[PDB]
Structures are given as structure tokens and as C-alpha cells.
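Structure record follows, encoded as C-alpha cells.
Note on naming: letters A, B, ... go to the chains in the order of the sequence lines (proteins, then strands), and numbering restarts at 1 for each one.
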Amino acid sequence: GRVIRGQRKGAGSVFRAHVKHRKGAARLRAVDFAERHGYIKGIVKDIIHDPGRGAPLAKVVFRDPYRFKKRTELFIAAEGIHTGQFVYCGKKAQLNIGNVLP
Amino acid sequence: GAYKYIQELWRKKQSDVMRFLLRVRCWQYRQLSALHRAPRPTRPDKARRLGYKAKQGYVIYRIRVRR
Amino acid sequence: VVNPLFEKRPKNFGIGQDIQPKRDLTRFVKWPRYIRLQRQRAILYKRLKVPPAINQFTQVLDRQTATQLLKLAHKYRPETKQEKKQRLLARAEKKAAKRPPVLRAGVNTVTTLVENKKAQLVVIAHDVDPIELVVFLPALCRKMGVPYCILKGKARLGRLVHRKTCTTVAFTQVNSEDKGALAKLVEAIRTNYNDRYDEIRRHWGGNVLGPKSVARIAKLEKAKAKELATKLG
Amino acid sequence: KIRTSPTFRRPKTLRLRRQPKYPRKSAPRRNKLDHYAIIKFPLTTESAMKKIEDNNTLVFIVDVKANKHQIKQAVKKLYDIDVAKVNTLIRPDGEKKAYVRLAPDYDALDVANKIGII
RNA sequence: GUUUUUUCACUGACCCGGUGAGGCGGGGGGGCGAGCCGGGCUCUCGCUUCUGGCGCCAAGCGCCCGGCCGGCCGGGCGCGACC
């Protein structure tokens with residue numbers, strides 16, 4: 001017989017995800033010395049809508065501890081997070097909403 | 001001659017010395033590419049028996065295939 | 001004397017305070033594949049149980065005997081390509097109007113003369129890249145009663161001859177003024193290599209964990225031993 | 001020397017230049033796009049005669065591989081006249097037509113008389 | 001006495017994740033608390049939380065050498081940034 005519709009989805013090329021207007025892979029900040037032994041502080045710049053996703057994203061800006069650069073990450077926005085809020089990261093970070101820690 | 005000793009040495013592949021050497025060499029060649037140039041013959045007496053002469057223009061390539 | 005405009009400006013290199021200084025990071029370099037491969041090949045010889053016939057090459061002649069051995073071997077170097085031609089000239093003007101003793105090189109020559117009782121001392125390099133070339137030769141020297149020694153460097157053994165590397169070098173015959181100097185070496189080499197071959201054949205190598213993995217078990221056994229050291233009183 | 005970065009880069013080695021022991025070809029090739037081969041013939045048509053008379057230009061059929069610069073410096077050598085500008089087109093015949101405007105002090109029809117078109 | 005198999009572990013074959021493979025493991029140095037009477041030890045941390053700011057390309061100290069008349073001028077090394 002003919003190859004069925006659920007079988008045809010694994011080949012791709014029609015059933016692939018529509019990722020043209022998506023803002024990027026939403027993920028946590030990568031673990032380093034600061035987030036492993038202390039905390040690092042960043043700022044929520046804006047909260048954007050990611051297409052094909054009910055959750056909003058937050059663009060959080062940190063500063064690199066080794067280079068004079070500003071690093072941009074896309075977190076998934078906890079409810080209650082506003083812009084201008086400082087988001088802390090690491091083992092010694094306090095326990096508040098929007099504050100990642102182990 | 002040393003070549004007769006190396007020849008009878010390679011016939012004891014189940015011995016401790018040869019099972020150490022074969023395992024570490026298999027690990028080393030597994031970390032390289034699928035085809036690359038060896039700088040010299042690994043097994044010189046057998047290369048010599050098969051027709052390798054250690055002079056200019058004789059090239060040795062080491063290669064792996066899937067079983 | 002001092003200028004009041006010369007301030008002292010310290011940098012607080014804490015977490016999140018200042019940008020870190022450009023520190024030494026040789027441990028955390030992503031090394032190339034050949035460097036990484038040879039470095040963790042050097043660790044596998046410490047981890048895996050090395051059989052004694054390969055482990056015996058790690059047991060080596062020490063720092064002061066090697067200099068005496070090479071000092072003796074410098075008097076019996078083979079001729080270069082220049083003295084080879086000069087001897088052919090000297091033979092020609094000898095014809096117009098005895099072999100000196102030299103060093104003998106090559107594992108195929110050394111094995112044959114050890115079998116034929118011609119060698120008086122054998123020097124074997126410790127870093128032969130296929131170890132099958134000389135892994136049988138300490139046993140062949142010990143059974144035929146020929147004194148053998150193991151030396152740091154096929155390169156340094158390859159400087160006695162005028163080549164890149166040499167694997168084994170045999171003293172077969174020496175001069176009469178250097179016979180005593182050779183016999184001085186032969187006694188010390190025989191009491192270290194040929195006499196202790198029963199213990200050489202039983203000494204497995206490697207089987208050593210890493211420092212990070214032995215500190216972890218040392219702390220654990222320290223806790224388990226201090227339990228007994230403190231709960232008894 | 002310390003490793004400041006955790007990335008190993010390939011060190012820049014010395015690169016020598018080509019010093020061949022023999023040239024691969026014995027002689028340089030002759031420039032086949034010569035000043036005579038680049039300009040084939042002019043047009044004597046009534047559409048080109050008005051172009052010569054009124055606009056002080058000359059109309060040539062040139063080689064198809066020719067730039068405007070090459071056409072300019074080719075007219076300046078064969079006919080000893082400088083050029084205001086060169087406008088080229090490619091005909092449906094396949095040939096390249098060149099309108100070559102002369103300087104205001106040179107007169108195109110008095111150039112055309114000595115070359116033959118009239 | 002060979003060998004069968006069950007469990008507890010190890011890493012080094014093999015697998016996964018992260019990263020621009022950036023501070024990993026032990027040790028040393030400094031600070032806060034329990035306690036013994038200035039000294040060795042159990043412990044911990046080593047510096048950032050009121051704010052939609054800024055933060056790199058060394059300050060400082062020590063050691064040398066180099067040209068011009070202890071004084072002009074300009075370099076390198078170590079600590080700073082523990083082994």
C-alpha cells in the first residue's frame with residue numbers, strides 16, 4: 001500500500017517546523033565560575049513574543065567576567081518579571097522570582 | 001637475526017605483551033582518521049616479507065574499514 | 001619628594017566586580033588532536049597494567065653511569081663519510097710505496113652477535129616506537145650471559161653512529177687501555193640488569209590512578225580511618 | 001610565554017615565493033587583440049552619415065571583446081585623433097558597434113574623408 | 001582447587017551535555033564562630049542585592065639595562081593576579 005501520513009512526517013521537507021520568525025533557542029545562561037561559586041547580575045531589557053509558543057521570552061543582558069562585552073541571553077520569562085529588573089544567577093544568589101540557582 | 005624473533009613474537013597474539021600492544025595500538029588508530037599516512041611500517045618484518053624495501057618512494061598508509 | 005597626583009588604584013578581582021586579568025590558561029586550552037592523543041597515550045601507560053617485558057624498559061641506567069658509558073663509546077665511533085674516503089686515499093698511497101675495533105649497530109647485527117657470543121656489552125634504547133624490535137633482547141642477553149643495559153634515548157644512541165636514531169649498540173672488542181674501563185661498567189651493569197632478571201620478569205607497571213582520583217579515595221579512607229582513630233577515644 | 005587564550009590557533013609559518021628553474025611556456029603570447037584587429041570597418045550607412053555630420057562622431061564595427069578604453073586608445077593611434085567619449089552597443093548581427101565622439105576642435109567628416117568613407 | 005553467577009564500588013575503552021574546552025583536584029596563605037591555656041586542630045567563607053549608571057587595553061612597589069647633561073628621555077622582568 002501507500003506510505004501513511006504519520007510515516008511521512010519523519011522524512012521532513014513539508015512537516016518541518018516554521019522557524020523563520022522565531023527569536024532563537026530559549027535557554028539558560030551557560031555555567032561558569034561566577035554562576036558556580038557566586039552569582040552574576042543581569043538586567044531584563046524587554047519581553048518579546050516568540051511565534052509558535054505560548055510562553056513569552058525575556059532578553060537578559062549580563063556582562064562578561066573575562067572580556068569587556070555585554071552578553072545577551074533569551075530566558076523564558078517567569079510570571080511577574082518586568083523590565084529593568086535585575087536577574088541573579090548562581091549558587092549564592094538569593095531566592096526570589098526570576099532568579100536561577102541550583 | 002632479530003626479524004625471526006619479531007616474526008615468532010607476532011604469532012603469540014594471546015600473550016600478555018601482545019594483548020597490551022594490540023589494544024593500545026587499536027585505541028591509538030581508532031582516534032585518528034579513517035585513512036592517513038603512516039610515517040613508517042608498524043610491522044617491519046612482515047612489510048619486508050610482502051615486499052616493502054626501506055628506501056625512497058616506498059609509502060605506507062594506515063587505513064580502517066568497518067566490519 | 002613624592003607627587004600627590006600618583007594615586008594607587010587597586011583592582012578587585014572578585015566575582016562580578018572587575019574583569020578578570022589575562023591569566024595563564026594552559027590547562028584549559030582546547031589542544032589539537034595529535035597533542036591530545038599523545039598526551040593521553042602517555043596516561044594509558046600509567047593506567048593500564050603494563051606487562052613486565054615492556055615495563056623493564058622504564059627501569060633505566062642512572063645519570064652518572066650513562067655519561068661514563070657514552071664517554072667510553074665516543075672512542076669507538078664508526079667513521080663518517082669523510083674518513084671513509086680518506087682511508088681509501090691512504091690505502092692508495094700505501095699501495096703506491098688490521099681492523100681497529102669500533103661500535104656495532106643495528107638490532108639484526110646485535111641479536112646475531114649475542115647469539116654467537118661476540119658481544120661484551122649491549123646498550124638498548126628505552127624509547128623504541130615499536131617495542132617488538134627489542135622486547136626479546138634482555139632475555140636473549142640474560143640467557144647467553146651477555147651484559148645488557150637500557151639507555152635514555154634512541155636519539156642519543158643515534159649520535160654515537162652518524163644517523164638519526166640507533167636502537168642497539170654493542171661493544172664486542174675494545175682497546176687494551178679501555179678494557180679496565182669497560183670491565184668497570186660491566187660489573188655495575190651486571191649487578192643491576194642480569195643478576196636481578198628474576199625480579200625484572202615479575203615487575204608489572206602502570207596500574208596507577210590519576211591524582212584527582214587518588215585524592216578522592218585518600219580523603220574517603222582518611223574519613224574511614226579517622227572514624228576508628230576518634231571513636232576509640 | 002603563557003597561553004592567554006584557551007584556543008589553540010595554527011601558528012603562521014614562513015611562505016616562500018615561486019622561483020621556478022624553467023618557465024612553463026617559452027615565450028609570452030602575442031597580444032592578438034591588436035589595434036588593427038580591434039577595429040574592423042566603419043559603417044557607410046545613411047544612419048551613420050547623419051551621425052557623423054551632425055554629432056561630430058564616427059561609427060565603427062569593433063571586436064566584441066573590446067572595452068571603451070581600448071576603443072578610445074585604438075582610435076587615438078590609428079587615426080591620430082583624441083576621443084571625447086565612446087558609446088558601444090551589441091547588434092543583433094553579433095557585432096559590436098561603437099559611436100566614437102571626437103574632440104570639439106577635430107571635425108569628424110574631415111577625418112572620414114581621409115579614411116575613405118564619404 | 002578451577003569455574004559458575006549476585007551485589008557493592010573504580011576509570012581507562014565506550015556514550016551524553018556544556019564551552020571562544022577560562023579559574024578542576026589537593027595544598028598553602030587570610031577572615032568568623034565551638035573549645036583547650038600566644039600554639040596545633042572540627043567548620044566555613046575569600047570580598048558583587050534599595051536603584052533601567054560606569055567598569056578592558058594596569059595603578060602602585062621592587063629589580064635591571066640603554067642613548068642625551070645624581071638630572072632629561074625611553075625599554076624589559078617579577079609581585080600585584082599563590083604553589
Side-chain angles (χ1 to χ4, degrees), chain A residues 25 27-47 59-71 81-96 98-99 101, chain B residues 19-20 22-31, chain C residues 2-3 5-33 35-36 40-50 206-223 226 229-230, chain D residues 1-9:
Chain A
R27 40 195 195 144
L28 287 174
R29 194 185 166 272
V31 57
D32 47 359
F33 187 89
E35 184 178 1
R36 187 173 63 245
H37 297 269
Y39 61 92
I40 196 166
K41 175 174 117 173
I43 184 171
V44 180
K45 298 293 183 182
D46 43 15
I47 297 174
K59 182 174 72 68
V60 192
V61 164
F62 297 85
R63 50 185 282 259
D64 204 64
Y66 314 119
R67 293 180 179 91
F68 180 62
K69 296 165 148 43
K70 292 290 183 70
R71 302 274 174 190
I81 290 300
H82 62 90
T83 58
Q85 185 176 352
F86 296 114
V87 164
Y88 298 88
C89 305
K91 185 173 72 68
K92 304 273 306 192
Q94 303 153 21
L95 191 137
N96 284 101
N99 190 342
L101 73 164
Chain B
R19 287 187 30 194
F20 180 80
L22 277 167
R23 185 178 295 113
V24 301
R25 277 162 193 181
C26 181
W27 170 86
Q28 181 166 295
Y29 310 149
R30 194 165 58 242
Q31 295 298 109
Chain C
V2 301
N3 195 311
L5 291 178
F6 297 160
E7 293 179 353
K8 184 178 184 293
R9 315 174 163 89
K11 278 173 182 163
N12 187 231
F13 289 133
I15 295 188
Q17 305 265 32
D18 282 333
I19 294 166
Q20 292 294 296
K22 300 299 293 295
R23 202 185 296 274
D24 188 61
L25 316 178
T26 74
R27 189 171 178 83
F28 319 105
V29 171
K30 182 159 160 184
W31 296 102
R33 291 183 82 76
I35 290 169
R36 177 188 326 143
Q40 65 183 357
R41 157 182 89 222
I43 303 176
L44 280 189
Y45 276 67
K46 299 166 162 57
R47 301 269 181 282
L48 266 62
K49 287 189 175 189
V50 190
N207 201 48
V208 173
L209 297 179
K212 193 169 305 200
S213 175
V214 69
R216 188 269 299 164
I217 193 164
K219 182 175 174 66
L220 184 63
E221 294 293 328
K222 182 175 73 175
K226 90 186 295 162
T230 54
Chain D
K1 271 74 68 177
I2 57 182
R3 299 292 179 90
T4 292
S5 174
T7 308
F8 191 95
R9 299 303 297 271

side-chain contact (heavy atoms from CB on, under 4.5 Å) between C:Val50 and B:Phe20, intermediate numbers included: CA-CA 7 Å; C:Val50 190; B:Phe20 180 80; 4.0 Å; yes
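Under the 3.5 Å cutoff applied to both distances, E:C79 and E:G60 qualify as a Watson-Crick or G-U wobble pair. Judged by Watson-Crick and G-U wobble geometry, where both atom pairs must sit under 3.5 Å apart, E:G30 and E:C45 count as a base pair. Nucleotides E:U48 and E:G22 fail the base-pair criterion, which asks for a Watson-Crick or G-U wobble arrangement whose two donor-acceptor distances both fall under 3.5 Å.
Using atom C1' as the reference point in both E:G26 and E:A34, the two lie 27 Å apart (nearest Å). E:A81 sits 13 Å from E:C57 when the P atoms are compared, rounded to a whole Å. With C1' as the reference atom, E:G76 and E:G22 are 28 Å apart, rounded to whole Å.
Here the side chain of C:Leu44 is nearest to one of E:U19, E:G12, E:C56, namely E:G12.
Between the side chain of A:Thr83 and the base of E:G52, at least one donor-acceptor pair of N or O atoms lies under 3.5 Å. Interface remark: the C:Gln20 side chain does form a donor-acceptor pair with the E:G23 base, using a distance-only criterion of under 3.5 Å.
For the pair C:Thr230 (side chain) and C:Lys226 (backbone), a donor-acceptor distance under 3.5 Å is present. In terms of modelled atom types and a separation under 3.5 Å, the side chain of C:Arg47 and the main chain of C:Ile43 share no donor-acceptor contact.
Between A:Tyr39 atom OH and E:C47 atom P there is a gap of 10 Å when expressed in whole angstrom units. Rounding to whole angstrom units, CG of residue C:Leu25 and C1' of E:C24 are separated by 13 Å. A:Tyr88 has its OH atom 9 Å from the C1' atom of E:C50, to the nearest Å. Distance C:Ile43 CD1 to E:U11 P: 14 Å, rounded to the nearest Å. In this entry the distance linking CD1 of A:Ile43 with P of E:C54 reads 9 Å, nearest Å. If you measure from atom NZ of A:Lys91 to atom P of E:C45, you get 6 Å, rounded to the nearest angstrom. Rounded to whole Å, the distance from NZ on A:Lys69 to P on E:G22 is 15 Å.
A residue-by-residue look at A:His82 and A:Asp32 shows that A:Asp32 has its nearest nucleotide of RNA chain E further toward the 5' end. Remark on RNA chain E: of its neighbouring residues A:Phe33 and A:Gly38, the 5'-side contact belongs to A:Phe33, judged by nearest-heavy-atom nucleotide.
Distances shorter than 4.0 Å separate none of the side-chain N or O atoms of A:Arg67 from OP1 or OP2 on E:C57. Under 4.0 angstrom from either OP1 or OP2 of E:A59 there lies no side-chain N or O belonging to C:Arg9. In terms of phosphate contacts, C:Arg47 brings no side-chain nitrogen or oxygen within less than 4.0 Å of OP1 or OP2 of E:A13. Put simply, C:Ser213 has a side-chain N or O that comes within less than 4.0 Å of OP1 or OP2 on E:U11.
Regarding nucleotide E:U4, the torsion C1'-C2'-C3'-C4' is greater than zero, so its sugar is described as north. The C1'-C2'-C3'-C4' torsion of E:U19 is positive. Its sugar is therefore classed as north.
Base orientation at E:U49 is syn, since its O4'-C1' glycosidic dihedral falls within 90° of 0. A syn base is found at E:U51: its glycosidic angle is within 90° of 0.
Each of A:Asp32, A:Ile40, A:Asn99, A:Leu28 was checked for a side chain to side chain contact (heavy atoms under 4.5 Å, CB included) with A:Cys89, and the lone residue meeting it is A:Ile40.
The aromatic ring of C:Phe28 does not stack onto the base of E:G23, failing the criterion of a centre distance under 5.5 Å from the six-membered base ring together with planes under 30° apart.
Within the nucleic acid shown, B:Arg30 comes within 4.0 Å of sugar-phosphate atoms alone, with no base atom in reach, counting heavy atoms only. Looking at heavy-atom distances under 4.0 Å, A:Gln94 makes contact with a base. Across all strands shown, A:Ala93 has heavy atoms under 4.0 Å from base atoms, whether or not it also approaches the sugar-phosphate.
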Output one letter per nucleotide in nucleotides 73-83 of chain E: B when a protein non-hydrogen atom lies under 4.0 Å from the base, S when only the sugar-phosphate is that close, - when neither is. --------B--
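At least one side-chain heavy atom of A:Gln85 sits under 4.5 Å from a side-chain heavy atom of A:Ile81.
The 12-atom threshold is not exceeded at CZ of B:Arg19, counting heavy atoms of other residues, nucleotides or ligands nearer than 6.0 Å.
Between D:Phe8 and C:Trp31, the angle of the ring planes lies from 30° to 60°, which puts this pair in the tilted group.
With a 3.5 Å ceiling on both atom-pair distances, E:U51 lacks any Watson-Crick or G-U wobble partner.
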